[PDB]
Structure formats: C-alpha cells, structure tokens
Visitor: 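Let me begin by handing over the structure; questions about it come next.
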Amino acid sequence: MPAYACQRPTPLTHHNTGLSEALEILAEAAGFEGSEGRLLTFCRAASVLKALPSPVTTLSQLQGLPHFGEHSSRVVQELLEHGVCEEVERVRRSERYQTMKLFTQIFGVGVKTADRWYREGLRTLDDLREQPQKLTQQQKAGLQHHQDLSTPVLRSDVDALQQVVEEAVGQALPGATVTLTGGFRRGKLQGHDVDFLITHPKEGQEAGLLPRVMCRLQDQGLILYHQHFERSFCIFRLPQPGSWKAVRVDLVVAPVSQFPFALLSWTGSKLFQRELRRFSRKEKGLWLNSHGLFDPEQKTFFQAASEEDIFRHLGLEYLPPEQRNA
DNA sequence: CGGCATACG
DNA sequence: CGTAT
DNA sequence: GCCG
Ligand SMILES: [Cl-]
Ligand SMILES: [Mg+2]
Ligand SMILES: [Mg+2]
Ligand code: NA
Ligand code: NA
C-alpha cells in the first residue's frame with residue numbers, strides 16, 4: 001500500500017465503508033477545532049481503507065498500512081470488537097460537533113465564523129435568522145436556501161443544468177465548451193453541488209467570458225444568488241415538477257493551455273489533489289496547481305495536452321476520475 | 001523535530 | 001473572512 | 001496524528 005493517495009486507485013464504493021466513515025467523523029471534528037494536521041491524518045487513514053481490496057476483519061490486517069498508528073488503530077479495533085467506537089460516538093452526540101456541522105454547512109459560513117457564533121451561545125438556524133444584521137449577503141442567501149441546499153442533487157438534475165449552462169455559454173462565446181467536473185465526473189450519483197469547467201479551443205478567447213455567461217443566466221431568471229473573474233459560486237433555480245429548487249453550481253473558466261490542469265484539479269477529490277500536490281513537491285520537486293506544473297530549478301512550466309500527460313510527467317500510473325475518490 | 005496543497009472572490 | 005477541488 |  002503506497003503512502004500517497006495519488007499512487008493507488010480509490011473507487012467510489014468499497015469494502016470498509018463503516019470504518020472509513022468513523023475515521024472521517026474524527027477528521028471532521030479535528031477540523032472544527034482547527035487541528036489541520038490531525039484532520040489530514042484521519043482523512044488519509046480513512047482513504048487507505050477505501051483503497052483496500054476486501055474488508056478489514058482483524059486488527060493484524062492494519063500492520064504495515066500507512067497512516068495507521070496508535071489512535072486510528074484503536075478506533076478500528078473498537079469497531080471490530082464492539083461495533084462502535086466510544087470516542088466517535090461521543091463526538092457524534094456532542095453539542096459542539098452538531099452545531100459546528102450545522103453552521104459550517106451554511107453557504108458563507110466557515111469554521112471561524114461558526115466557532116465565533118458557538119462561543120456567543122448560538123445553536124440553531126433560527127438563532128441566526130433572529131439577528132440578520134450580523135449576516136453577510138452571502139450568509140443570508142445560504143440561510144434562506146439552506147433547506148434546498150441540504151437536499152441531494154441527482155444525476156438528472158445535472159443533465160438539466162448542463163444544458164442551460166451550455167445555452168448561455170454558446171451565446172456568450174460561440175465555440176466555448178462546458179465540461180462536468182467534481183464529484184459527478186468521479187461517478188457520484190448524488191451530490192450537494194454541480195461543478196462545471198468552461199474553456200474555448202482558441203487560446204485567449206476565454207478572457208472576459210464568465211461575466212458574459214453570468215449576465216445571460218441572470219437574464220433568464222435562473223440565478224437566485226451570485227457574487228456579482230474566473231470562478232463563480234452560484235445558487236441556481238432548477239425546475240422541478242410544478243415547482244423548482246435551489247441548487248449550488250460552480251462555474252470555472254480556464255484557458256485551453258491550462259485546461260488539463262484545471263480539469264485535474266476540479267475533478268478532485270479534495271484529498272486526492274492535496275496528496276497529488278504534496279507528492280509533486282516532496283517526491284518530484286515540481287510545484288502543481290490548477291494552472292500548471294512548474295519546475296523551480298529550470299524555471300519552466302510543463303505543457304500538458306491531457307490529464308494523462310500530467311500523470312506521466314509526475315511518474316504516476318494514470319488513474320481515471322472514478323479511481324480518484326480518495 | 002517540521003511538515004502537512006493551493007488557489008480565487 | 002468566504003469559496004473550491 | 002502520523003511520517004520521514
Ligand atoms: Cl490551484
Ligand atoms: Mg462538487
Ligand atoms: Mg465542497
Ligand atoms: Na459553509
Ligand atoms: Na463545487
């Protein structure tokens with residue numbers, strides 16, 4: 001078992017679902033407390049289990065696995081022996097965990113804002129609605145639409161959204177293309193948002209594109225919220241039988257020269273990308289981001305024509321999106 | 001021990 | 001500060 | 001919390 005998540009295939013569904021979910025509770029709780037190192041270890045340990053070819057049934061099967069030390073091994077041991085890990089259950093029922101989860105799930109609210117509100121004594125969404133003077137416009141929109149944004153987005157929803165985005169993109173710039181990214185490109189059947197990557201085959205033609213796209217979507221009455229650039233974090237009005245629902249949609253523009261890097265980045269998973277960038281820098285001495293791959297010795301950028309190119313330039317076996325579910 | 005990904009709005 | 005993978 |  002290699003030590004980096006980008007070195008091994010990780011499918012969307014796997015054979016250690018309960019164990020990985022427990023470790024991810026502890027990762028999430030660590031994040032709520034600002035312990036980024038511990039969050040990363042618990043995420044990595046959970047991801048190792050997702051990459052295994054069969055269920056862990058005995059503690060000895062953790063021997064030699066990366067990112068399993070005394071703490072993560074104890075969690076697994078308790079789940080194997082008793083079906084439950086006392087630390088995990090204590091987190092789950094804690095007021096701190098439940099409230100931080102509720103508040104950070106709001107669009108426009110991060111850990112720091114949620115923690116401040118928690119320390120002020122706030123606990124519920126209606127507590128927040130009672131004092132709207134304290135909310136940003138983004139937070140107001142997140143709170144108004146919270147119920148819809150908590151409802152899973154389905155694949156049928158995604159196909160509908162892609163058509164309306166393509167229509168607006170086609171008027172904004174003929175020849176521009178729309179690619180589905182994020183979790184849906186990795187094969188998810190449900191999600192909490194939809195991610196799109198937009199480019200144009202002629203380098204430079206994509207400059208100024210996103211404002212033209214957003215203006216056209218807003219004129220069609222489809223935008224319930226946006227910040228108005230090359231990234232837009234929107235709330236769309238999606239038709240439903242006899243009604244509609246609010247859906248989070250992210251629109252990103254990249255020049256075609258950078259498209260492979262942007263596609264790789266926005267397809268994720270989040271952990272896969274962190275691990276890939278860590279691997280690039282620490283093992284290969286190359287600096288990776290959503291724009292390119294930089295050699296800091298030669299001071300040159302690696303031209304890539306495909307995701308396959310990027311994996312090759314990092315010395316990694318290619319993984320299709322469906323195997324990047326770290 | 002230091003390090004833990006990297007960007008944009 | 002928030003957002004994203 | 002774990003690795004190198
Ligand atoms: Cl980036
Ligand atoms: Mg997404
Ligand atoms: Mg997200
Ligand atoms: Na949030
Ligand atoms: Na998104």
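Values below: all heavy atoms of this structure, side chains included; hydrogens, waters and symmetry mates excluded. Quick note on labels: first sequence line is chain A, next is B, and so on, each numbered from 1.
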Visitor: Indicate, with a heavy-atom threshold strictly under 4.0 Å, whether A:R324 touches base, sugar-phosphate, or nothing.
Guide: nothing
Visitor: Measure across A:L143 and A:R129 and return the closest heavy-atom pair with its distance rounded to 0.1 Å.
Guide: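 Answer, listing the atom of A:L143 first, then A:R129: O-NH2, 2.9 Å.
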Visitor: Testing A:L19, A:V48, A:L49 for side chain to side chain contact (heavy atoms under 4.5 Å, CB included) with A:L62, which one passes?
Guide: A:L49
Visitor: So what does A:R185 touch, heavy atoms closer than 4.0 Å: a base, only the sugar-phosphate, or nothing?
Guide: nothing
Visitor: Using a distance-only criterion (donor-acceptor N/O pair, under 3.5 Å, no hydrogens), is the base of B:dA7 paired with the side chain of A:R231?
Guide: yes
Visitor: Base, sugar-phosphate, or nothing: which does A:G110 touch, judged by heavy atoms less than 4.0 Å apart?
Guide: sugar-phosphate
Visitor: What is the distance, to the nearest angstrom, from the CD atom on A:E36 to the P atom on B:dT6?
Guide: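 So the two atoms are 15 Å apart, to the nearest Å.
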Visitor: Among A:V252, A:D193, A:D250, find the residue that satisfies the side chain to side chain contact (heavy atoms under 4.5 Å, CB included) test when tested with A:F233.
Guide: A:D250
Visitor: Distance check: side-chain N/O of A:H291 vs OP1/OP2 of B:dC8, anything under 4.0 Å?
Guide: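 Yes, such a contact exists.
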Visitor: Can you check whether A:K282 has a side-chain N or O nearer than 4.0 Å to OP1 or OP2 of B:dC4?
Guide: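 True: A:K282 side-chain N/O within range (under 4.0 Å) of B:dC4 OP1/OP2.
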Visitor: For a 4.5 angstrom cut-off between non-hydrogen side-chain atoms, does A:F311 reach A:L264?
Guide: yes
Visitor: For a side chain to side chain donor-acceptor pair (under 3.5 Å) with A:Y4, tell me which candidate from A:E283, A:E275, A:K282 qualifies.
Guide: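 With A:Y4 as partner, A:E283, A:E275, A:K282 yield a single side chain to side chain donor-acceptor pair (under 3.5 Å), made by A:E283.
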Visitor: What does A:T267 touch in the nucleic acid at a heavy-atom separation under 4.0 angstrom: a base, only the sugar-phosphate, or nothing?
Guide: sugar-phosphate
Visitor: Reckon A:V109 touches a base, only the sugar-phosphate, or nothing at all at heavy-atom distances under 4.0 Å?
Guide: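 Answer is sugar-phosphate: A:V109 comes under 4.0 Å of backbone atoms only.
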Visitor: Verify the contact: side-chain N or O of A:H71 to OP1 or OP2 of D:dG1, cut-off strictly under 4.0 Å; return yes or no.
Guide: yes
Visitor: If you apply the rule side chain to side chain donor-acceptor pair (under 3.5 Å), what do you find for A:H71 with A:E87, and how did you get there?
Guide: CA-CA 11 Å; A:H71 197 153; A:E87 181 185 11; 2.7 Å; yes
Visitor: Is A:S72 near enough to D:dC2 that one of its side-chain N or O atoms lies under 4.0 angstrom from OP1 or OP2?
Guide: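 For A:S72, the contact criterion (side-chain N or O under 4.0 Å from OP1 or OP2 of D:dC2) is met.
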Visitor: What is the 5' to 3' range of DNA chain C, first to last nucleotide, that sits under 4.0 Å from any heavy atom of chain A?
Guide: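 Contact span on the strand: C:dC1 to C:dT5.
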Visitor: Which residues within residues 272-279 of chain A lie with some heavy atom under 4.0 Å of an atom in DNA chain B?
Guide: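 A:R274, A:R277, A:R278, in order of number.
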Visitor: So for atom NE2, which belongs to A:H192, do other residues, nucleotides or ligands contribute more than 12 heavy atoms lying within a distance under 6.0 Å?
Guide: no
Visitor: Taking the six-membered ring of A:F32, is NZ or CZ of A:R96 closer than 6.0 Å to its centre and within 45° of its axis?
Guide: no
Visitor: Please report the distance, rounded to the nearest Å, between CG in A:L197 and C1' in B:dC8.
Guide: 14 Å
Visitor: Just checking A:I106: base, sugar-phosphate only, or nothing, at a heavy-atom cut-off of under 4.0 Å?
Guide: sugar-phosphate
Visitor: Taking the P atom in each of B:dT6 and D:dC2, what is the distance between them to the nearest angstrom?
Guide: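 Straight-line distance between the two P atoms is 23 Å.
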Visitor: Mind checking A:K270 for me? I need base, sugar-phosphate or nothing, with any heavy atom below 4.0 Å counting as a touch.
Guide: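 Result for A:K270 = base.
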Visitor: Cation-pi between A:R248 and A:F236: NZ/CZ under 6.0 Å from ring centre and within 45° of the ring axis?
Guide: no
